[PDB]
Each structure stands twice: as structure tokens, then as C-alpha cells.
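Source file: target05.cif (mmCIF, C-alpha atoms and all ligand atoms)
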```cif
data_final
loop_
_atom_site.label_atom_id
_atom_site.label_comp_id
_atom_site.auth_asym_id
_atom_site.auth_seq_id
_atom_site.Cartn_x
_atom_site.Cartn_y
_atom_site.Cartn_z
CA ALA A 1 -0.02 2.75 29.36
CA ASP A 2 1.29 -0.64 28.26
CA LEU A 3 -0.26 -2.74 25.50
CA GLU A 4 -1.96 -5.14 27.92
CA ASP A 5 -3.71 -2.36 29.84
CA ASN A 6 -4.87 -0.67 26.61
CA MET A 7 -6.28 -3.96 25.34
CA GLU A 8 -8.13 -4.46 28.63
CA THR A 9 -9.64 -0.97 28.30
CA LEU A 10 -10.87 -1.85 24.80
CA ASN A 11 -12.21 -5.20 26.00
CA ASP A 12 -14.16 -3.90 29.00
CA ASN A 13 -15.65 -0.81 27.38
CA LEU A 14 -17.06 -2.81 24.47
CA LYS A 15 -19.16 -4.57 27.10
CA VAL A 16 -20.01 -1.27 28.83
CA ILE A 17 -21.51 -0.14 25.53
CA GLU A 18 -23.50 -3.37 25.15
CA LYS A 19 -24.81 -3.00 28.71
CA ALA A 20 -25.71 0.68 28.25
CA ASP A 21 -29.04 2.12 27.20
CA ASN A 22 -28.41 5.88 26.84
CA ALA A 23 -26.24 8.20 24.77
CA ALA A 24 -24.05 9.52 27.60
CA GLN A 25 -23.05 6.00 28.67
CA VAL A 26 -22.13 5.00 25.12
CA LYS A 27 -20.21 8.20 24.43
CA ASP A 28 -18.23 7.88 27.64
CA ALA A 29 -17.22 4.29 26.86
CA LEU A 30 -16.33 5.04 23.24
CA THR A 31 -14.20 7.99 24.35
CA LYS A 32 -12.24 5.68 26.66
CA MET A 33 -11.79 3.16 23.83
CA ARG A 34 -10.49 5.91 21.54
CA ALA A 35 -7.85 6.97 24.05
CA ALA A 36 -6.80 3.34 24.54
CA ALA A 37 -6.48 2.68 20.80
CA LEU A 38 -4.45 5.85 20.23
CA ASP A 39 -2.11 4.95 23.09
CA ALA A 40 -1.26 1.63 21.37
CA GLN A 41 -1.40 3.01 17.82
CA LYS A 42 2.34 3.53 17.14
CA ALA A 43 4.48 1.06 19.11
CA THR A 44 6.06 -1.96 17.45
CA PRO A 45 4.52 -5.07 19.07
CA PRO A 46 6.65 -8.01 20.26
CA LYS A 47 6.19 -10.30 17.23
CA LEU A 48 7.25 -7.41 14.94
CA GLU A 49 10.40 -5.87 16.49
CA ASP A 50 12.42 -7.44 13.63
CA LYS A 51 10.65 -5.37 10.96
CA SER A 52 11.24 -1.93 9.48
CA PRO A 53 8.83 0.91 10.32
CA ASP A 54 7.68 0.99 6.68
CA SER A 55 7.61 -2.80 6.27
CA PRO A 56 4.30 -4.25 5.00
CA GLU A 57 3.74 -5.97 8.35
CA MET A 58 4.21 -2.83 10.46
CA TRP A 59 2.16 -0.85 7.94
CA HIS A 60 -0.79 -3.22 8.28
CA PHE A 61 -0.43 -3.28 12.07
CA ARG A 62 -0.50 0.50 12.33
CA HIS A 63 -3.36 0.63 9.82
CA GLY A 64 -5.27 -1.68 12.13
CA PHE A 65 -5.20 0.90 14.90
CA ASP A 66 -5.83 3.89 12.59
CA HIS A 67 -8.88 2.13 11.15
CA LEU A 68 -10.16 1.07 14.58
CA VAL A 69 -9.88 4.69 15.72
CA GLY A 70 -11.76 5.81 12.61
CA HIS A 71 -14.69 3.53 13.35
CA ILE A 72 -14.65 4.46 17.03
CA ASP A 73 -14.91 8.06 15.81
CA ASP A 74 -17.87 7.13 13.60
CA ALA A 75 -19.65 5.44 16.50
CA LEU A 76 -19.00 8.50 18.68
CA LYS A 77 -20.66 10.73 16.09
CA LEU A 78 -23.72 8.46 16.26
CA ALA A 79 -23.81 8.70 20.06
CA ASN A 80 -23.43 12.46 19.79
CA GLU A 81 -26.57 12.50 17.63
CA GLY A 82 -28.45 10.63 20.35
CA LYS A 83 -28.58 7.55 18.08
CA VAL A 84 -28.01 5.12 20.92
CA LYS A 85 -28.91 1.86 19.20
CA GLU A 86 -27.06 2.73 15.98
CA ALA A 87 -23.97 3.62 18.01
CA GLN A 88 -24.25 0.33 19.88
CA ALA A 89 -24.48 -1.60 16.61
CA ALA A 90 -21.44 0.26 15.29
CA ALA A 91 -19.58 -0.57 18.50
CA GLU A 92 -20.46 -4.26 18.15
CA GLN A 93 -19.00 -4.19 14.63
CA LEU A 94 -15.68 -3.07 16.14
CA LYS A 95 -15.05 -6.71 17.12
CA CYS A 96 -14.05 -7.33 13.48
CA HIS A 97 -11.10 -4.95 13.92
CA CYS A 98 -10.08 -6.73 17.12
CA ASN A 99 -10.11 -10.22 15.62
CA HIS A 100 -8.51 -9.16 12.33
CA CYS A 101 -5.45 -7.70 14.05
CA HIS A 102 -5.19 -10.56 16.54
CA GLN A 103 -5.23 -13.19 13.81
CA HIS A 104 -2.43 -11.40 11.95
CA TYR A 105 -0.21 -10.35 14.83
CA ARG A 106 -1.08 -11.94 18.16
CA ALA B 1 -20.93 -8.05 -14.80
CA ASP B 2 -21.94 -5.08 -12.64
CA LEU B 3 -21.68 -4.36 -8.92
CA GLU B 4 -24.97 -6.09 -8.07
CA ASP B 5 -23.74 -9.15 -9.99
CA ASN B 6 -20.42 -9.16 -8.12
CA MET B 7 -22.19 -8.87 -4.76
CA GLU B 8 -24.51 -11.77 -5.57
CA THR B 9 -21.39 -13.78 -6.46
CA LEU B 10 -19.77 -12.84 -3.15
CA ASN B 11 -22.94 -13.67 -1.19
CA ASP B 12 -23.67 -17.00 -2.90
CA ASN B 13 -20.11 -18.26 -2.59
CA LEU B 14 -19.59 -17.18 1.01
CA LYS B 15 -22.66 -19.29 1.79
CA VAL B 16 -21.23 -22.16 -0.29
CA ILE B 17 -18.13 -22.13 1.92
CA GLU B 18 -20.25 -22.18 5.06
CA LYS B 19 -22.37 -25.09 3.77
CA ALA B 20 -19.83 -26.89 1.58
CA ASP B 21 -20.61 -30.58 1.15
CA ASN B 22 -16.94 -31.30 0.50
CA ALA B 23 -13.62 -29.55 0.87
CA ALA B 24 -13.17 -28.96 -2.85
CA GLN B 25 -16.18 -26.62 -2.95
CA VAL B 26 -14.40 -24.23 -0.58
CA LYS B 27 -11.48 -23.59 -2.94
CA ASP B 28 -13.75 -23.17 -5.97
CA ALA B 29 -15.91 -20.67 -4.06
CA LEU B 30 -12.90 -18.67 -2.85
CA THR B 31 -11.68 -18.51 -6.45
CA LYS B 32 -15.00 -17.06 -7.64
CA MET B 33 -15.06 -14.57 -4.74
CA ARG B 34 -11.57 -13.31 -5.59
CA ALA B 35 -12.61 -12.55 -9.17
CA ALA B 36 -15.84 -10.91 -8.01
CA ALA B 37 -13.97 -8.67 -5.53
CA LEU B 38 -11.49 -7.42 -8.12
CA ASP B 39 -14.33 -6.70 -10.56
CA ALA B 40 -16.33 -4.84 -7.88
CA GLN B 41 -13.24 -2.72 -7.13
CA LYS B 42 -13.68 -1.13 -10.56
CA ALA B 43 -17.31 0.01 -9.97
CA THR B 44 -18.86 3.12 -8.43
CA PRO B 45 -21.38 2.40 -5.66
CA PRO B 46 -24.71 4.24 -5.94
CA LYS B 47 -24.14 6.11 -2.67
CA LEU B 48 -20.85 7.46 -4.09
CA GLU B 49 -22.18 8.09 -7.62
CA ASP B 50 -21.19 11.76 -7.32
CA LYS B 51 -17.56 11.15 -6.40
CA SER B 52 -14.56 11.20 -8.73
CA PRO B 53 -11.99 8.38 -8.68
CA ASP B 54 -9.79 10.61 -6.49
CA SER B 55 -12.26 11.05 -3.59
CA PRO B 56 -11.47 9.76 -0.05
CA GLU B 57 -14.62 7.64 0.01
CA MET B 58 -13.73 5.99 -3.29
CA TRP B 59 -10.23 5.35 -1.96
CA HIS B 60 -11.54 3.48 1.09
CA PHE B 61 -14.04 1.61 -1.09
CA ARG B 62 -11.33 0.41 -3.48
CA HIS B 63 -9.00 -0.43 -0.58
CA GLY B 64 -11.54 -2.70 1.06
CA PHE B 65 -11.45 -4.93 -2.02
CA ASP B 66 -7.65 -5.08 -1.97
CA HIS B 67 -7.75 -6.15 1.66
CA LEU B 68 -10.54 -8.67 1.07
CA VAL B 69 -8.51 -10.18 -1.79
CA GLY B 70 -5.49 -10.42 0.51
CA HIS B 71 -7.44 -12.48 3.02
CA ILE B 72 -9.04 -14.56 0.27
CA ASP B 73 -5.50 -15.31 -0.88
CA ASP B 74 -4.56 -16.34 2.66
CA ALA B 75 -7.53 -18.73 2.69
CA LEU B 76 -6.66 -20.10 -0.76
CA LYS B 77 -3.10 -20.90 0.35
CA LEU B 78 -4.53 -22.82 3.31
CA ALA B 79 -6.84 -24.72 0.96
CA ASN B 80 -3.96 -25.41 -1.44
CA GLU B 81 -1.92 -26.76 1.49
CA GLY B 82 -4.75 -29.20 2.16
CA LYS B 83 -5.62 -27.42 5.44
CA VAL B 84 -9.23 -27.28 4.34
CA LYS B 85 -10.82 -26.85 7.77
CA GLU B 86 -8.48 -23.94 8.50
CA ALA B 87 -9.39 -22.50 5.10
CA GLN B 88 -13.09 -22.76 5.86
CA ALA B 89 -12.47 -21.12 9.25
CA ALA B 90 -10.62 -18.28 7.53
CA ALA B 91 -13.32 -17.87 4.90
CA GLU B 92 -15.94 -17.46 7.63
CA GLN B 93 -14.00 -14.45 8.95
CA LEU B 94 -14.36 -12.83 5.51
CA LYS B 95 -17.85 -11.78 6.60
CA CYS B 96 -16.21 -8.93 8.55
CA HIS B 97 -14.96 -7.48 5.26
CA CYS B 98 -18.50 -7.53 3.87
CA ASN B 99 -19.92 -5.92 7.01
CA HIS B 100 -17.24 -3.22 7.18
CA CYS B 101 -17.61 -1.98 3.61
CA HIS B 102 -21.39 -2.15 3.82
CA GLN B 103 -21.43 -0.04 6.98
CA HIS B 104 -19.78 2.73 4.95
CA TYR B 105 -21.30 2.41 1.49
CA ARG B 106 -24.16 -0.11 1.04
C1 LIG A 201 -3.73 -4.48 16.17
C2 LIG A 201 -3.84 -3.49 15.26
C3 LIG A 201 -4.80 -4.73 17.28
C4 LIG A 201 -6.09 -4.32 17.35
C5 LIG A 201 -6.93 -3.50 16.34
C6 LIG A 201 -6.65 -4.81 18.59
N1 LIG A 201 -5.67 -5.50 19.27
FE1 LIG A 201 -5.95 -6.53 21.01
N2 LIG A 201 -4.05 -7.15 20.97
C7 LIG A 201 -3.11 -6.82 20.00
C8 LIG A 201 -1.85 -7.43 20.36
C9 LIG A 201 -0.55 -7.30 19.54
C10 LIG A 201 -2.02 -8.10 21.52
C11 LIG A 201 -0.96 -8.93 22.28
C12 LIG A 201 0.07 -8.05 22.98
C13 LIG A 201 1.14 -8.92 23.60
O1 LIG A 201 2.29 -8.42 23.79
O2 LIG A 201 0.85 -10.12 23.88
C14 LIG A 201 -3.41 -7.95 21.91
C15 LIG A 201 -3.99 -8.49 23.03
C16 LIG A 201 -5.29 -8.30 23.42
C17 LIG A 201 -5.91 -8.86 24.59
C18 LIG A 201 -5.19 -9.79 25.60
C19 LIG A 201 -4.79 -8.91 26.78
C20 LIG A 201 -3.72 -9.56 27.63
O3 LIG A 201 -3.68 -9.25 28.86
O4 LIG A 201 -2.90 -10.36 27.10
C21 LIG A 201 -7.19 -8.46 24.63
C22 LIG A 201 -8.25 -8.80 25.69
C23 LIG A 201 -7.42 -7.61 23.48
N3 LIG A 201 -6.24 -7.53 22.77
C24 LIG A 201 -8.60 -6.97 23.17
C25 LIG A 201 -8.81 -6.22 22.03
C26 LIG A 201 -10.09 -5.67 21.62
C27 LIG A 201 -11.38 -5.83 22.45
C28 LIG A 201 -9.92 -5.03 20.45
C29 LIG A 201 -10.97 -4.29 19.59
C30 LIG A 201 -11.91 -3.50 20.14
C31 LIG A 201 -8.53 -5.16 20.10
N4 LIG A 201 -7.88 -5.90 21.06
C32 LIG A 201 -7.95 -4.61 18.98
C33 LIG A 201 -3.33 -6.05 18.87
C34 LIG A 201 -4.53 -5.48 18.51
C1 LIG A 202 -16.64 -2.69 -0.34
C2 LIG A 202 -15.27 -2.73 -0.30
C3 LIG A 202 -17.49 -3.99 -0.28
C4 LIG A 202 -17.13 -5.24 0.11
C5 LIG A 202 -15.77 -5.76 0.63
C6 LIG A 202 -18.28 -6.10 0.00
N1 LIG A 202 -19.34 -5.35 -0.49
FE1 LIG A 202 -21.22 -6.04 -0.75
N2 LIG A 202 -21.79 -4.21 -1.35
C7 LIG A 202 -20.98 -3.08 -1.45
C8 LIG A 202 -21.80 -1.99 -1.94
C9 LIG A 202 -21.26 -0.56 -2.19
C10 LIG A 202 -23.05 -2.44 -2.11
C11 LIG A 202 -24.29 -1.66 -2.65
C12 LIG A 202 -24.36 -1.94 -4.15
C13 LIG A 202 -25.60 -1.38 -4.80
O1 LIG A 202 -25.69 -1.39 -6.06
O2 LIG A 202 -26.50 -0.92 -4.05
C14 LIG A 202 -23.06 -3.84 -1.74
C15 LIG A 202 -24.16 -4.65 -1.79
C16 LIG A 202 -24.15 -5.99 -1.48
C17 LIG A 202 -25.30 -6.85 -1.59
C18 LIG A 202 -26.68 -6.39 -2.11
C19 LIG A 202 -26.55 -6.44 -3.64
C20 LIG A 202 -27.79 -5.97 -4.36
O3 LIG A 202 -28.13 -6.59 -5.40
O4 LIG A 202 -28.45 -4.99 -3.92
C21 LIG A 202 -24.92 -8.06 -1.20
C22 LIG A 202 -25.81 -9.32 -1.16
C23 LIG A 202 -23.54 -8.02 -0.81
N3 LIG A 202 -23.08 -6.73 -1.00
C24 LIG A 202 -22.80 -9.09 -0.36
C25 LIG A 202 -21.47 -9.00 0.01
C26 LIG A 202 -20.70 -10.04 0.66
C27 LIG A 202 -21.28 -11.41 1.06
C28 LIG A 202 -19.46 -9.59 0.89
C29 LIG A 202 -18.28 -10.34 1.57
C30 LIG A 202 -17.89 -11.55 1.12
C31 LIG A 202 -19.39 -8.25 0.34
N4 LIG A 202 -20.63 -7.91 -0.16
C32 LIG A 202 -18.27 -7.43 0.33
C33 LIG A 202 -19.65 -3.01 -1.14
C34 LIG A 202 -18.89 -4.07 -0.67
NI NI A 203 -13.65 1.85 7.36
NI NI A 204 -5.44 -7.96 6.99
#
```
Is it possible to give me this structure as C-alpha cells?
Amino acid sequence: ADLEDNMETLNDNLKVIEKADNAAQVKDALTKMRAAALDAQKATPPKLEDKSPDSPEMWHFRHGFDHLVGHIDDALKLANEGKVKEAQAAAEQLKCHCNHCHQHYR
Amino acid sequence: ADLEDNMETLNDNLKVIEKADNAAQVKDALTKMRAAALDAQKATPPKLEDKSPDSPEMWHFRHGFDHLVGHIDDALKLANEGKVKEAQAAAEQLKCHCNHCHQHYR
């Protein structure tokens, strides 16, 4: 999927998690976010096509997705323990990853 | 100074930036936070007291300070350009760095 569709998936499912109140709902939404983040994890974005793959800017951009995926994974483990509210709080903290990357590279 | 000292310094001065009576207080606070972050990077957090310097948890702990310092430096450049409102806006987003590392290790 393209970058815009992946970002919409991340956007909407964050709210699905906030609206949820059980572990299955939160796990399902986090799983969709994980797939969306991985889909976008490798491609050079438009403001960065004039940069090497190992350039500091590309490195930080790719790190942004790797780290987002890591914390999605951590929230999933919470949901898989039935820790609904802790998983929701972890999901809310994902917004930091969103805004950090956007401020750098959007 | 120890890790508790550094964290008090980070907490007090982040609040100074939020409440600064004048623009000059923002730069002075950022300067103190930068020093505190680099000092904290050389500590071992209680929850990782077991781990050797080479452990994956200690790597991510140290890295969070490098990344915090990078964004402090971004905010300092803004302040040194006279863009003091932009610098205060950037400093507010430093809270995400606090929250992220704490989620792992506080
Ligand atoms: C970089 C490592 C990013 C992370 C982490 C997140 N996003 Fe993102 N986002 C990124 C880019 C480069 C862009 C712009 C792409 C372009 O070509 O313009 C975006 C855009 C969005 C959007 C706007 C969608 C649109 O139709 O234009 C949204 C709504 C969005 N991103 C949401 C979002 C969320 C919720 C994230 C965290 C959970 C998130 N993004 C992370 C780069 C990066
Ligand atoms: C890791 C990379 C961290 C970053 C970035 C920040 N903090 Fe932190 N903080 C961290 C740890 C491992 C701990 C526990 C230390 C301990 O001895 O238990 C803390 C703790 C704090 C505290 C409580 C301190 C105390 O005396 O118990 C505060 C008030 C605090 N941290 C504030 C703080 C702020 C405001 C930060 C961003 C500017 C910040 N920390 C970043 C690890 C990390
Ligand atoms: Ni992390
Ligand atoms: Ni950054």
C-alpha cells in the first residue's frame, strides 16, 4: 500500500484502541497498525529521495518506523496478557513517534 | 551528581521552559538539560542494575539520551537564532523523550 493509506491505517486504529474496552479489540487494532508501519518502514519518502540509504537522515527516518514497530509490539504483548488499560496507555504513547517523525520529515 | 540528581534537573528545567517569565530563561534551561542528559547517559538505572554495558537494554537507555540531546540542540539553535517561541514549542515536545525512556526503564 502507498504511504498515505498506511498513515491513514495508523491514524484510524489509534482511535479504535481509544474507543475499545476489551483485549481482543485492542489486539486487533494494534495488529493492523503493525502491518501498516512495516509496509512503510523501508521506502525513501519524498523529501528524502536526494539522500543515500545510509545517510543520517534516512537512518533516522527508518529508525522511526523500526522504533514505532517495537512499541506497537510492546503494546501487543500487553493486550495479549489481557492488560487492556495498560495496552491502551501504551498505544496513546505511540503519538510521540508519530509527531517526532512528522516534525523531522513531513 | 547521580541519576536522581540529573532527573530532578531535567524535570525542574523542563517546567522552567513551560513557565518561563522571559525568553532568556528558555535557553538557560535547555543548556542545563543538555548537561544533565549527558551525565545521566553514564549511569545505570536501578531496573537495569544487573546488566553489563553491552546489554540491549543499556544500549537503548544510552541511545535515548543521545536522541534527547539532539533535539535539545535543535531547540538551542532556534533559541540562538532568536526564534524563542519556536524554541519553547520545540522544548515542550521534549516531554515525549522523557515519557518514552520512562516507559521502558523508570
Ligand atoms: C516516519 C518515521 C513516520 C512515522 C513514525 C509516522 N509517520 Fe505519518 N507520515 C510520515 C510521512 C513522511 C508523511 C507524509 C507522506 C507524504 O508523501 O506526504 C506522513 C503523513 C501522515 C498523515 C497524513 C496522511 C495524508 O493523507 O497525507 C497522517 C494522518 C499520519 N502520517 C499519521 C501517522 C500516525 C497516526 C503515526 C503514528 C502512530 C504516524 N503517522 C507515524 C512519516 C511518518
Ligand atoms: C532515558 C533515556 C531517560 C530519559 C530521556 C529521561 N529519563 Fe527520567 N528517568 C529515567 C530513569 C531510568 C529513571 C529512574 C531513576 C531511578 O533512580 O529510579 C528516571 C526517573 C526520573 C524522575 C524521578 C527521579 C527520582 O528521583 O526518582 C524524574 C522526575 C524524571 N526522570 C524526569 C525526567 C524528565 C522531565 C525527562 C525529559 C526531559 C527525563 N526524565 C528523561 C530515564 C530517563
Ligand atoms: Ni523504545
Ligand atoms: Ni529525532
*Compile the residues of chain A that lie within 9 Å of chain B, evaluated using only C-alpha atoms, and express the compilation as number ranges by chain.*
A: 90, 93, 95-97, 99-100
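Counting from atom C3 of ligand LIG 202 (chain A), the distance to atom CA of residue B:51 is 16.3 Å.
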*Take atom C21 of ligand LIG 202 (chain A) and atom CA of residue B:12 and report the distance between them in Å, one decimal.*
9.2 Å
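Residues in contact with ligand LIG 201 (chain A) comprise residues 3, 4, 7, 8, 10, 11, 45, 46, 61, 62, 64, 65, 68, 94, 95, 97, 98, 101, 102, 105 and 106 of chain A, where contact means an atom-to-atom distance of at most 6 Å counting only C-alpha atoms and all ligand atoms.
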Quick one: what's the axis-aligned box for ligand LIG 202 (chain A), all listed atoms, 6 Å on every side, centre and edges in Å to one decimal, as lines of an AutoDock Vina configuration file?
```
center_x = -21.9
center_y = -6.1
center_z = -2.2
size_x = 25.2
size_y = 23.0
size_z = 19.6
```
Superposition output for chain A against chain B, all Cα paired in order, as an mmCIF file with C-alpha atoms, keeping the file's coordinate frame:
```
data_model
loop_
_atom_site.group_PDB
_atom_site.id
_atom_site.type_symbol
_atom_site.label_atom_id
_atom_site.label_comp_id
_atom_site.auth_asym_id
_atom_site.auth_seq_id
_atom_site.Cartn_x
_atom_site.Cartn_y
_atom_site.Cartn_z
ATOM 1 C CA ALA A 1 -21.057 -8.304 -14.492
ATOM 2 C CA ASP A 2 -23.027 -5.663 -12.605
ATOM 3 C CA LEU A 3 -22.573 -4.885 -8.915
ATOM 4 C CA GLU A 4 -25.721 -6.754 -7.864
ATOM 5 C CA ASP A 5 -24.684 -9.981 -9.594
ATOM 6 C CA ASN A 6 -21.156 -9.798 -8.125
ATOM 7 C CA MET A 7 -22.583 -9.299 -4.641
ATOM 8 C CA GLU A 8 -24.869 -12.305 -5.125
ATOM 9 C CA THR A 9 -21.860 -14.416 -6.155
ATOM 10 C CA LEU A 10 -20.056 -13.375 -2.962
ATOM 11 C CA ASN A 11 -23.157 -14.049 -0.866
ATOM 12 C CA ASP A 12 -23.902 -17.534 -2.205
ATOM 13 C CA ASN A 13 -20.347 -18.856 -2.284
ATOM 14 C CA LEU A 14 -19.739 -17.919 1.350
ATOM 15 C CA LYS A 15 -22.496 -20.412 2.131
ATOM 16 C CA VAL A 16 -21.066 -22.972 -0.319
ATOM 17 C CA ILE A 17 -17.864 -22.860 1.718
ATOM 18 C CA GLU A 18 -19.754 -23.297 5.001
ATOM 19 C CA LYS A 19 -21.642 -26.267 3.536
ATOM 20 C CA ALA A 20 -18.486 -27.876 2.115
ATOM 21 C CA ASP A 21 -16.289 -30.473 3.757
ATOM 22 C CA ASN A 22 -13.342 -30.921 1.354
ATOM 23 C CA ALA A 23 -10.545 -28.824 -0.116
ATOM 24 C CA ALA A 24 -11.709 -28.884 -3.747
ATOM 25 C CA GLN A 25 -15.158 -27.550 -2.821
ATOM 26 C CA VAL A 26 -13.694 -24.710 -0.763
ATOM 27 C CA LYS A 27 -11.115 -23.779 -3.387
ATOM 28 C CA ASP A 28 -13.720 -23.704 -6.133
ATOM 29 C CA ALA A 29 -16.009 -21.407 -4.134
ATOM 30 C CA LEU A 30 -13.194 -19.086 -3.062
ATOM 31 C CA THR A 31 -12.010 -18.819 -6.668
ATOM 32 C CA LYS A 32 -15.500 -17.702 -7.710
ATOM 33 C CA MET A 33 -15.575 -15.146 -4.878
ATOM 34 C CA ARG A 34 -12.200 -13.771 -5.981
ATOM 35 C CA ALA A 35 -13.407 -13.227 -9.537
ATOM 36 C CA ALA A 36 -16.564 -11.526 -8.249
ATOM 37 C CA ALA A 37 -14.643 -9.178 -5.942
ATOM 38 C CA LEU A 38 -12.180 -8.210 -8.679
ATOM 39 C CA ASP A 39 -15.033 -7.491 -11.089
ATOM 40 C CA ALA A 40 -16.484 -4.930 -8.632
ATOM 41 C CA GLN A 41 -13.111 -3.668 -7.385
ATOM 42 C CA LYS A 42 -12.771 -0.459 -9.461
ATOM 43 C CA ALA A 43 -16.181 1.023 -10.321
ATOM 44 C CA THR A 44 -17.544 4.053 -8.495
ATOM 45 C CA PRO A 45 -20.715 2.932 -6.664
ATOM 46 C CA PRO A 46 -23.961 4.943 -6.800
ATOM 47 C CA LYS A 47 -23.615 6.795 -3.471
ATOM 48 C CA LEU A 48 -20.104 7.933 -4.520
ATOM 49 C CA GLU A 49 -20.391 9.229 -8.116
ATOM 50 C CA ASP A 50 -19.948 12.782 -6.736
ATOM 51 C CA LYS A 51 -16.425 12.074 -5.457
ATOM 52 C CA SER A 52 -12.975 12.256 -7.018
ATOM 53 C CA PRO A 53 -11.098 9.024 -7.800
ATOM 54 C CA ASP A 54 -8.500 9.910 -5.146
ATOM 55 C CA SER A 55 -11.038 11.208 -2.615
ATOM 56 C CA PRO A 56 -10.847 9.614 0.862
ATOM 57 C CA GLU A 57 -14.249 7.990 0.332
ATOM 58 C CA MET A 58 -13.362 6.353 -2.995
ATOM 59 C CA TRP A 59 -9.967 5.370 -1.586
ATOM 60 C CA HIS A 60 -11.564 3.532 1.331
ATOM 61 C CA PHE A 61 -14.142 1.926 -0.965
ATOM 62 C CA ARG A 62 -11.494 0.594 -3.325
ATOM 63 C CA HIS A 63 -9.374 -0.489 -0.354
ATOM 64 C CA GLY A 64 -12.355 -2.500 0.826
ATOM 65 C CA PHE A 65 -12.264 -4.624 -2.307
ATOM 66 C CA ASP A 66 -8.444 -4.872 -2.433
ATOM 67 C CA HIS A 67 -8.406 -6.076 1.175
ATOM 68 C CA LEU A 68 -11.275 -8.522 0.619
ATOM 69 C CA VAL A 69 -9.369 -9.968 -2.340
ATOM 70 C CA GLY A 70 -6.250 -10.255 -0.185
ATOM 71 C CA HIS A 71 -8.044 -12.306 2.442
ATOM 72 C CA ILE A 72 -9.772 -14.415 -0.199
ATOM 73 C CA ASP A 73 -6.262 -15.099 -1.513
ATOM 74 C CA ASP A 74 -5.114 -16.093 1.980
ATOM 75 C CA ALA A 75 -8.038 -18.484 2.384
ATOM 76 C CA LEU A 76 -7.280 -19.987 -1.037
ATOM 77 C CA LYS A 77 -3.705 -20.696 0.038
ATOM 78 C CA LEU A 78 -5.101 -22.567 3.054
ATOM 79 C CA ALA A 79 -7.403 -24.632 0.832
ATOM 80 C CA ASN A 80 -4.482 -25.327 -1.478
ATOM 81 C CA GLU A 81 -2.622 -26.786 1.512
ATOM 82 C CA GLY A 82 -5.549 -29.113 2.182
ATOM 83 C CA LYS A 83 -6.331 -27.138 5.367
ATOM 84 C CA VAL A 84 -10.076 -27.376 4.897
ATOM 85 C CA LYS A 85 -11.252 -26.247 8.323
ATOM 86 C CA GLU A 86 -8.736 -23.389 8.547
ATOM 87 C CA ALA A 87 -9.813 -22.187 5.104
ATOM 88 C CA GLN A 88 -13.448 -22.362 6.179
ATOM 89 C CA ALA A 89 -12.707 -20.311 9.296
ATOM 90 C CA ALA A 90 -10.859 -17.751 7.181
ATOM 91 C CA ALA A 91 -13.826 -17.618 4.808
ATOM 92 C CA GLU A 92 -16.223 -17.035 7.711
ATOM 93 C CA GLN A 93 -14.054 -14.098 8.805
ATOM 94 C CA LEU A 94 -14.649 -12.517 5.384
ATOM 95 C CA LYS A 95 -18.080 -11.401 6.644
ATOM 96 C CA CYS A 96 -16.284 -8.566 8.481
ATOM 97 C CA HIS A 97 -15.193 -7.125 5.121
ATOM 98 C CA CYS A 98 -18.749 -7.378 3.803
ATOM 99 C CA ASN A 99 -20.355 -5.588 6.743
ATOM 100 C CA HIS A 100 -17.619 -2.954 7.037
ATOM 101 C CA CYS A 101 -18.065 -1.792 3.444
ATOM 102 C CA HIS A 102 -21.858 -1.974 3.605
ATOM 103 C CA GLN A 103 -22.017 0.170 6.728
ATOM 104 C CA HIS A 104 -19.835 2.830 5.095
ATOM 105 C CA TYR A 105 -21.236 2.851 1.579
ATOM 106 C CA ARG A 106 -24.487 0.947 1.160
#
```
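Going from atom CA of residue B:72 to atom CA of residue B:30 covers 6.4 Å.
Ranking A:43, A:69, A:84, A:78 by their shortest atom-to-atom distance to ligand NI 203 (chain A), with all atoms listed in the file included, puts A:69 first.
Counting only C-alpha atoms and all ligand atoms, the residue from B:42, B:83, B:47, B:27 that sits nearest to ligand LIG 202 (chain A) is B:47.
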*Find the residue from B:26, B:36, B:14, B:20 that sits nearest to ligand LIG 202 (chain A); use only C-alpha atoms and all ligand atoms when measuring.*
B:14
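Minimum atom-to-atom distance to ligand NI 203 (chain A), evaluated using all atoms listed in the file, belongs to B:57 out of B:66, B:57, B:39, B:81.
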*Using only C-alpha atoms, determine which residues lie at most 10 Å from residue B:23, disregarding the query and same-chain residues fewer than 6 positions distant; provide the list as number ranges by chain.*
B: 17, 79, 82-85, 87-88
Those selected residues, please, written with C-alpha atoms and delivered as a CSV table (one decimal), in the coordinates of the input.
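Here's the written file part_35.csv:
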```csv
chain,number,residue,atom,x,y,z
B,17,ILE,CA,-18.1,-22.1,1.9
B,79,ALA,CA,-6.8,-24.7,1.0
B,82,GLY,CA,-4.8,-29.2,2.2
B,83,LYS,CA,-5.6,-27.4,5.4
B,84,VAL,CA,-9.2,-27.3,4.3
B,85,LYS,CA,-10.8,-26.8,7.8
B,87,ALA,CA,-9.4,-22.5,5.1
B,88,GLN,CA,-13.1,-22.8,5.9
```
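Comparing the minimum interatomic distances between ligand NI 203 (chain A) and each of B:58, B:35, B:75, B:91, counting only C-alpha atoms and all ligand atoms, we find that B:58 sits nearest.
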